[PDB]
Amino acid sequence: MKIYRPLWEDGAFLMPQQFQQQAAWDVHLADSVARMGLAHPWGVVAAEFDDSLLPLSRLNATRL
Amino acid sequence: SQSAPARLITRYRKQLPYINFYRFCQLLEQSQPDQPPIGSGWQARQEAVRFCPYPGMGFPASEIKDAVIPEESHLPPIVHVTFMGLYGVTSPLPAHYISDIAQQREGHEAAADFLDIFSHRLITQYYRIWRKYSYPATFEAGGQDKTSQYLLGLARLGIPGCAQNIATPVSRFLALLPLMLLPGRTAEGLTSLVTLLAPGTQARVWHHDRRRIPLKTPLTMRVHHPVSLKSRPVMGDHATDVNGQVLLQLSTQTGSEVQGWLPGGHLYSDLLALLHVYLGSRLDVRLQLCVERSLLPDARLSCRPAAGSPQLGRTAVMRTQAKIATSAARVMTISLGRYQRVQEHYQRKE
């Protein structure tokens, strides 16, 4: 994609299109830190379910 | 015009026994001012004017009282009051002319139409001196930057031709002209410029202030072996120049004018009144304001978020009553640059 940086010049007003751009940039900074130790894309830290609704067939989670 | 008696004498036939002639001719040009029968166009084209039936009365100023206007003869003035109005008349008619009117008799009733051709074209301009051509006091002229008594009475400030680059024409002559006649002055005129434009607002000036940067392009604190200097230039890396950047505060108490000083309202009034009229390239002016808390919303789209540089007026969900604060900044009234370039030629060897 195209990910942009804002510039906080004085006399440059306010747009909510700005804050979305900056906040979706340190997320990209988190990968370049992390991609010095990775082969292949990521997975599951934890996942827990509630199996009581299995005879009434339904499936729902507790912690994810 | 047909509308000239159809407005005046058909409707307002209630003060004509005691009307002034000075008042009467004024209301004619105020009856149809949109493209009027201009009184200055008398010099070739009195045909097709349909002016008022003053002439032939022989009356002095403010003594026209009779009121008869025809409609069939396609020109309303055909008036001759007999035995009255001999204004400047000394001797009777010549010999050959009486032999053509025959004989100063009832035929003279159809002779004063030609005979008073001279007095018609003179009592136009007789009036025009008293009301437009040498009197008007810049009050009976009453123009909108056309009437010549303005332009004669405003070139003593030095604004012919300099209406360029201004969104308004020269309108603030009414109070600034006494102040704009003293040379090189002053600071106290900026108080008048604010109290004129929006009452309820006061002004204070601080003459010097701590200005900052201009960053000097050689750092110059290299300590030099071949050649250096001392006497004045001693500093660190950024300089400070006080000398010319005055601070101005405003103080309002009516909330309808609070939303006038934020950019869009009355800020375009000061920003053009300074830069080309009263100061020009003398100085630079800093603006500031102090109100109670604000009336300011937030992050909505394209253009009106910013209350200058700061933001507030959105968070107090706690307490009922007032706290005083400074408001914001506004920009300087400056105009500068460098253009780009280097040069190629020189002056003269004398």
# chains A, B, ... in the order shown; residues from 1 in each chain; ligands from 1
call {"tool": "select_by_dssp", "arguments": {"residues": "range 137-294 of chain B", "states": "strand (DSSP E)", "output": "ChimeraX atom specification"}}
result
/B:202-206,247-251,286-292
call {"tool": "write_last_selection", "arguments": {"atoms": "N, CA, C and O atoms", "output": "mmCIF file, in the first residue's frame"}}
result
data_model
loop_
_atom_site.group_PDB
_atom_site.id
_atom_site.type_symbol
_atom_site.label_atom_id
_atom_site.label_comp_id
_atom_site.auth_asym_id
_atom_site.auth_seq_id
_atom_site.Cartn_x
_atom_site.Cartn_y
_atom_site.Cartn_z
ATOM 1 N N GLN B 202 -11.167 46.790 23.331
ATOM 2 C CA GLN B 202 -10.135 47.730 23.748
ATOM 3 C C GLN B 202 -8.762 47.239 23.300
ATOM 4 O O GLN B 202 -8.577 46.074 22.944
ATOM 5 N N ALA B 203 -7.786 48.145 23.334
ATOM 6 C CA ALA B 203 -6.473 47.875 22.762
ATOM 7 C C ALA B 203 -5.370 48.396 23.669
ATOM 8 O O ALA B 203 -5.493 49.482 24.242
ATOM 9 N N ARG B 204 -4.298 47.616 23.797
ATOM 10 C CA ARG B 204 -3.108 47.999 24.541
ATOM 11 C C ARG B 204 -1.902 47.627 23.698
ATOM 12 O O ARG B 204 -1.918 46.604 23.012
ATOM 13 N N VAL B 205 -0.862 48.453 23.740
ATOM 14 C CA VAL B 205 0.331 48.223 22.936
ATOM 15 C C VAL B 205 1.537 48.153 23.861
ATOM 16 O O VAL B 205 1.699 48.988 24.754
ATOM 17 N N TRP B 206 2.372 47.142 23.655
ATOM 18 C CA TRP B 206 3.693 47.053 24.261
ATOM 19 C C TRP B 206 4.713 47.348 23.168
ATOM 20 O O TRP B 206 4.703 46.694 22.121
ATOM 21 N N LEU B 247 3.441 44.163 20.214
ATOM 22 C CA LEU B 247 2.411 43.243 20.664
ATOM 23 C C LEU B 247 1.099 43.975 20.883
ATOM 24 O O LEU B 247 1.074 45.035 21.514
ATOM 25 N N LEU B 248 0.001 43.404 20.398
ATOM 26 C CA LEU B 248 -1.300 44.047 20.481
ATOM 27 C C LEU B 248 -2.307 43.065 21.047
ATOM 28 O O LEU B 248 -2.454 41.961 20.517
ATOM 29 N N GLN B 249 -2.995 43.461 22.111
ATOM 30 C CA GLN B 249 -4.078 42.658 22.648
ATOM 31 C C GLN B 249 -5.414 43.337 22.425
ATOM 32 O O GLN B 249 -5.518 44.561 22.327
ATOM 33 N N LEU B 250 -6.438 42.500 22.343
ATOM 34 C CA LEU B 250 -7.809 42.937 22.192
ATOM 35 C C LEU B 250 -8.600 42.343 23.343
ATOM 36 O O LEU B 250 -8.191 41.354 23.953
ATOM 37 N N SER B 251 -9.737 42.953 23.661
ATOM 38 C CA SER B 251 -10.535 42.464 24.776
ATOM 39 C C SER B 251 -12.006 42.727 24.498
ATOM 40 O O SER B 251 -12.441 43.881 24.519
ATOM 41 N N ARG B 286 2.323 41.865 15.910
ATOM 42 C CA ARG B 286 1.841 40.649 16.543
ATOM 43 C C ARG B 286 0.506 40.913 17.229
ATOM 44 O O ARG B 286 0.318 41.941 17.884
ATOM 45 N N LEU B 287 -0.414 39.970 17.082
ATOM 46 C CA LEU B 287 -1.771 40.077 17.596
ATOM 47 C C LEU B 287 -1.978 39.044 18.694
ATOM 48 O O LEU B 287 -1.340 37.994 18.702
ATOM 49 N N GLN B 288 -2.888 39.342 19.617
ATOM 50 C CA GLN B 288 -3.198 38.421 20.703
ATOM 51 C C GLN B 288 -4.565 38.825 21.234
ATOM 52 O O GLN B 288 -5.043 39.925 20.958
ATOM 53 N N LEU B 289 -5.192 37.929 21.991
ATOM 54 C CA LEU B 289 -6.556 38.151 22.449
ATOM 55 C C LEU B 289 -6.752 37.462 23.792
ATOM 56 O O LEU B 289 -6.103 36.453 24.073
ATOM 57 N N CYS B 290 -7.630 38.018 24.624
ATOM 58 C CA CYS B 290 -7.982 37.408 25.905
ATOM 59 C C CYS B 290 -9.498 37.463 26.092
ATOM 60 O O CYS B 290 -10.104 38.538 26.088
ATOM 61 N N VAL B 291 -10.111 36.286 26.223
ATOM 62 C CA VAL B 291 -11.550 36.149 26.422
ATOM 63 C C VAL B 291 -11.806 35.219 27.599
ATOM 64 O O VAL B 291 -10.867 34.758 28.257
ATOM 65 N N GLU B 292 -13.073 34.947 27.888
ATOM 66 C CA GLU B 292 -13.437 33.839 28.756
ATOM 67 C C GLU B 292 -13.605 32.622 27.867
ATOM 68 O O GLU B 292 -13.768 32.773 26.653
#
call {"tool": "interface_residues", "arguments": {"of": "chain A", "to": "chain B", "cutoff": "12 Å", "atoms": "only C-alpha atoms", "output": "PyMOL selection string"}}
result
chain A and resi 8-19
call {"tool": "write_last_selection", "arguments": {"atoms": "N, CA and C atoms", "output": "short mmCIF file (atom, residue, chain, number, x, y, z; two decimals), in the first residue's frame"}}
result
data_model
loop_
_atom_site.label_atom_id
_atom_site.label_comp_id
_atom_site.auth_asym_id
_atom_site.auth_seq_id
_atom_site.Cartn_x
_atom_site.Cartn_y
_atom_site.Cartn_z
N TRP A 8 3.49 17.98 11.64
CA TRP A 8 2.78 18.82 12.60
C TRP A 8 3.28 20.27 12.53
N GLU A 9 3.15 20.84 11.34
CA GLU A 9 3.43 22.25 11.13
C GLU A 9 2.42 23.10 11.88
N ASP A 10 2.89 24.22 12.41
CA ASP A 10 1.98 25.19 12.99
C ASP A 10 1.24 25.93 11.88
N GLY A 11 -0.07 26.07 12.05
CA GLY A 11 -0.89 26.62 10.99
C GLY A 11 -1.34 25.56 10.00
N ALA A 12 -1.38 24.31 10.44
CA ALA A 12 -1.95 23.21 9.66
C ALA A 12 -3.02 22.47 10.46
N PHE A 13 -4.28 22.54 10.02
CA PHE A 13 -5.41 22.54 10.95
C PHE A 13 -5.64 21.26 11.74
N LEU A 14 -6.45 20.37 11.18
CA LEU A 14 -6.86 19.12 11.82
C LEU A 14 -7.60 18.29 10.80
N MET A 15 -7.15 17.08 10.52
CA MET A 15 -7.98 16.15 9.76
C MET A 15 -7.91 14.77 10.39
N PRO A 16 -9.04 14.06 10.56
CA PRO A 16 -9.00 12.71 11.12
C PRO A 16 -8.44 11.68 10.16
N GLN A 17 -8.18 12.12 8.94
CA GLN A 17 -7.47 11.27 8.00
C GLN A 17 -5.99 11.20 8.36
N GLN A 18 -5.50 12.17 9.13
CA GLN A 18 -4.10 12.17 9.54
C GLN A 18 -3.81 11.10 10.58
N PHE A 19 -4.61 11.07 11.66
CA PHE A 19 -4.31 10.25 12.83
C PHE A 19 -4.37 8.76 12.50
#
call {"tool": "atom_distance", "arguments": {"atom1": "CA of residue 135 in chain B", "atom2": "CA of residue 44 in chain B"}}
result
25.1 Å
call {"tool": "atom_distance", "arguments": {"atom1": "CA of residue 152 in chain B", "atom2": "CA of residue 282 in chain B"}}
result
26.8 Å
call {"tool": "select_by_dssp", "arguments": {"residues": "chain A", "states": "helix (DSSP H, G or I)", "output": "ChimeraX atom specification"}}
result
/A:16-34
call {"tool": "write_last_selection", "arguments": {"atoms": "C-alpha atoms", "output": "PDB file, in the first residue's frame"}}
result
ATOM      1  CA  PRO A  16      -9.002  12.706  11.118  1.00  0.00           C
ATOM      2  CA  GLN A  17      -7.472  11.273   7.997  1.00  0.00           C
ATOM      3  CA  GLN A  18      -4.097  12.169   9.543  1.00  0.00           C
ATOM      4  CA  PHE A  19      -4.306  10.246  12.829  1.00  0.00           C
ATOM      5  CA  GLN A  20      -5.196   7.036  11.012  1.00  0.00           C
ATOM      6  CA  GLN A  21      -1.986   7.301   9.004  1.00  0.00           C
ATOM      7  CA  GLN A  22       0.403   7.743  11.922  1.00  0.00           C
ATOM      8  CA  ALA A  23      -1.212   5.013  14.010  1.00  0.00           C
ATOM      9  CA  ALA A  24      -0.856   2.623  11.071  1.00  0.00           C
ATOM     10  CA  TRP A  25       2.879   3.260  10.898  1.00  0.00           C
ATOM     11  CA  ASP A  26       4.409   2.102  14.185  1.00  0.00           C
ATOM     12  CA  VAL A  27       2.535  -1.128  13.503  1.00  0.00           C
ATOM     13  CA  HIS A  28       4.747  -1.307  10.431  1.00  0.00           C
ATOM     14  CA  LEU A  29       7.685  -0.391  12.676  1.00  0.00           C
ATOM     15  CA  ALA A  30       6.804  -3.368  14.853  1.00  0.00           C
ATOM     16  CA  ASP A  31       7.336  -5.793  11.969  1.00  0.00           C
ATOM     17  CA  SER A  32      10.778  -4.547  10.932  1.00  0.00           C
ATOM     18  CA  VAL A  33      11.819  -5.058  14.540  1.00  0.00           C
ATOM     19  CA  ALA A  34      10.238  -8.501  14.482  1.00  0.00           C
TER      20      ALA A  34
END
call {"tool": "residues_around", "arguments": {"residues": "residue 58 in chain B", "least_positions_apart": "5", "cutoff": "6 Å", "atoms": "only C-alpha atoms", "output": "list in words"}}
result
residues 85, 86 and 87 of chain B
call {"tool": "residues_around", "arguments": {"residues": "residue 182 in chain B", "least_positions_apart": "4", "cutoff": "12 Å", "atoms": "only C-alpha atoms", "output": "ChimeraX atom specification"}}
result
/B:156-157,176-178,186-187,189,278
call {"tool": "residues_around", "arguments": {"residues": "residue 240 in chain B", "least_positions_apart": "3", "cutoff": "12 Å", "atoms": "only C-alpha atoms", "output": "list in words"}}
result
residues 209, 210, 211, 212, 213, 214, 215, 216, 234, 235, 236, 237, 243, 244 and 245 of chain B
call {"tool": "write_last_selection", "arguments": {"atoms": "N, CA and C atoms", "output": "CSV table (one decimal), in the first residue's frame"}}
result
chain,number,residue,atom,x,y,z
B,209,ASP,N,9.3,44.0,22.2
B,209,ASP,CA,9.1,42.7,22.7
B,209,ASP,C,10.2,41.8,22.3
B,210,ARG,N,10.4,40.7,23.0
B,210,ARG,CA,11.4,39.7,22.8
B,210,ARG,C,11.2,38.9,21.5
B,211,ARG,N,11.6,39.5,20.3
B,211,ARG,CA,11.5,38.7,19.1
B,211,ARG,C,12.6,37.7,19.1
B,212,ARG,N,12.6,36.8,18.1
B,212,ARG,CA,13.6,35.8,18.0
B,212,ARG,C,14.0,35.8,16.5
B,213,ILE,N,14.2,34.6,15.9
B,213,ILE,CA,15.3,33.9,15.3
B,213,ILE,C,16.5,34.7,14.6
B,214,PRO,N,16.2,35.6,13.6
B,214,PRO,CA,16.8,35.3,12.3
B,214,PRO,C,18.1,34.6,12.2
B,215,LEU,N,18.1,33.4,11.7
B,215,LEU,CA,19.3,32.6,11.7
B,215,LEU,C,20.3,33.1,10.7
B,216,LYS,N,21.5,33.4,11.3
B,216,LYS,CA,22.5,34.0,10.4
B,216,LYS,C,23.2,32.9,9.6
B,234,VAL,N,29.1,39.6,18.7
B,234,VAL,CA,29.3,38.6,19.7
B,234,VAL,C,28.0,37.9,20.1
B,235,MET,N,28.0,36.6,19.9
B,235,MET,CA,26.8,35.8,20.1
B,235,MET,C,27.1,34.3,20.2
B,236,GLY,N,26.0,33.4,20.2
B,236,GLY,CA,26.1,32.0,20.1
B,236,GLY,C,25.8,31.4,18.8
B,237,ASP,N,24.6,31.0,18.5
B,237,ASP,CA,24.1,30.4,17.3
B,237,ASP,C,22.8,31.0,16.7
B,243,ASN,N,13.6,45.7,18.5
B,243,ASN,CA,13.5,46.6,17.4
B,243,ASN,C,12.4,46.4,16.4
B,244,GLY,N,11.1,46.4,16.7
B,244,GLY,CA,10.2,46.5,15.7
B,244,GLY,C,9.1,45.4,15.5
B,245,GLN,N,8.7,44.8,16.6
B,245,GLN,CA,7.7,43.7,16.4
B,245,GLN,C,6.5,43.8,17.4
call {"tool": "closest_residue", "arguments": {"among": "B:83, B:54, B:130, B:22", "to": "residue 116 in chain B", "atoms": "only C-alpha atoms"}}
result
B:54
